[PDB]
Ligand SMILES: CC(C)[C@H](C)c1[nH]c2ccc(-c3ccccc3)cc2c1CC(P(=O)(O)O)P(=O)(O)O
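Starting off, we have a lone chain in the form solved without this ligand, written out as C-alpha cells.
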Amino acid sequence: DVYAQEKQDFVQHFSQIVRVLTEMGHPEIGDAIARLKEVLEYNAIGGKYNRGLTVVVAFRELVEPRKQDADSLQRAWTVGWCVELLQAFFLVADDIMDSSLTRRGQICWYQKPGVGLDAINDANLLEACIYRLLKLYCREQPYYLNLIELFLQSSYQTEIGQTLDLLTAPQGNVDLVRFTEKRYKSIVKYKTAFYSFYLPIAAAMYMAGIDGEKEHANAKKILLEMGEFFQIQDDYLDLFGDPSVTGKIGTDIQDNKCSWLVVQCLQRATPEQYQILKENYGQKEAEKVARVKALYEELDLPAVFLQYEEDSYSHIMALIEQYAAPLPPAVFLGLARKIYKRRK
C-alpha cells in the first residue's frame, strides 16, 4: 500500500509545518500563535491523512525520480498538509453546523470547554495557514498561481455544496419530496467530491507541470465519481458504521439531511413506511432516530449499500480505463484501493 509507504515521512513533516507557522519578528502576537498551535494540534492531526497523502503519492508517481529532490519533496508534503488544513477548516465549521459531538475519536473542538463559538475564528485561521504555506514554500515555482486558484476555487465549490446541504435540510422542517437522487448527486458533487478527490490530484498535477485543460477535465471525470461514492459511503457509515472505527457519531437523521440512506428509503418505501419516515425524521428524540434506523434495516439498505459499493467500484475502474491516459493508472488505483471497502 503506497499510502503506508509515504505516510511516516508525511506525518513527520507536520512538526515542520507547525514550526514554520508558529515562528520571531512580532512577539505581540505570540498568544495568538500559541492558540493557533493548539488548534493545529487538536484538529489537523488524528485522521487518516488520506487527502494530503494523495498529493504526495500522486506527486511521486507523476514526477520523474530525477526531479524528486529534497526541496521538491518538502513542497509536495507541504501542499499535502495544505489539503489537510483545508479539511480541518471545513470539519471544525461543519461540526458546529451539524451539532456534532465527536470527531476523530475525541470531543469536537467547539464542544470543548472554553472554546464554543470562538471555533469559527480558529477554523478560518486554519484556512489562512494554507495560503501562508503556499507563499513560504511555492512562491517562486511556475505553478504558484495555479495552486492558489485551485485551493480558492475548491473552497468556493465546497461552500456552494454546503449551502445546498443546509438548504435541503432545514431544521425542524420535514419535507421528504426534496430528497431526490438528482438533488443528492448535486449536493455531494459540490460539497465533497471537488475538494476531497479532484483537489489533491490536481495539485500534484500542477506541481508536475501538468496544467492542460484537457488533462484536468479527464482526471475530474474519474475523481468526481469517486467522490460521489465516498460521500455515499460516508452517509452509510453515519448510521451503520462503528464509531470506534469512524471516530464520530452520526447526526444525519436528526439534522434532517438529504443522505443517500433517506433517498434509497424513499425510493423503496410503501405509503405506510413513507408515513413512518415522515413522522420520525429530522427530530432530536432518540426513539424517533431509532425508528428510522429500524425502517432502513427493514428495507435492506445495508445489503443495498454493499451491492452499490460493488457496482460503483466497477464503474470507477471502467472510468480509469477510459480517462487515465496519459497519467499512470496507479495514481487513480491507489486512491480507489484506499476508499473501497473502507469502513473507517
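Whichever C-alpha set is largest while still superposing within 1.5 Å between the two forms counts as the rigid core. Residue positions are given as counts along the sequence shown, with the first one as 1.
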| query | finding |
| --- | --- |
| Core-aligned Cα RMS comparison in 8 other deposited structures of this protein - stretch that moves more, 104-112 or 246-254 | 246-254 |
| Comparing 235-243 and 116-124 where Cα RMS over structures and residues is taken in 8 other deposited structures of this protein (core fit), larger one | 235-243 |
| Extent of unmodelled deposited sequence, residue 322 relative to residue 321 | none |
| Stretch with the greater mean C-alpha B-factor as recorded in the entry, comparing 270-278 against 122-130 | 270-278 |
| Stretch with the greater mean C-alpha B-factor as recorded in the entry, comparing 60-68 against 296-304 | 60-68 |
| Residue, from 256, 146, 233, 141, that the PDB entry assigns the highest Cα B-factor | 141 |
| Maximum C-alpha temperature factor, selected from 104, 185, 216, 178 | 178 |
| Residue 172, C-alpha B-factor rank within chain (lowest, middle or highest third) | highest |
| Residue 241 - Cα temperature factor, lowest/middle/highest third of chain | middle |
| Chain third (lowest, middle, highest) by recorded CA B-factor, residue given as residue 247 | middle |
| Third of the chain, ranked by Cα B-factor, where residue 212 sits | highest |
| Third of the chain's Cα B-factor distribution that residue 78 belongs to, per the entry | middle |
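Another form exists, solved in complex with this ligand; not displayed. Remarks below refer to it.
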property: Blocked or open, judged by overlaying this ligand from its pose in the deposited complex and testing 2.4 Å from backbone or C-beta atoms; result: blocked
property: Segment that reaches this ligand in the deposited complex - one of 28-36, 42-50, 291-299, 272-280, heavy atoms within 4.5 Å; result: 42-50
property: Proximity of residue 77 to this ligand in the deposited complex, heavy atoms at 4.5 Å; result: no
property: Contact label in the deposited complex: residue 197 to this ligand, heavy atom within 4.5 Å; result: yes
property: Partner contact for residue 237 in the deposited complex: this ligand, 4.5 angstroms, heavy atom; result: yes
property: Residue contact check: residue 230 to this ligand in the deposited complex, 4.5 Å heavy atom; result: yes
property: Single option in 136, 145, 245, 128 placed near this ligand in the deposited complex, where near means a heavy atom within 4.5 Å; result: 245
property: Contact test, all of 54, 335 and 338, partner this ligand in the deposited complex, heavy atom 4.5 Å; result: yes
property: Stretch 272-304 - residues with a heavy atom within 4.5 Å of this ligand in the deposited complex; result: none
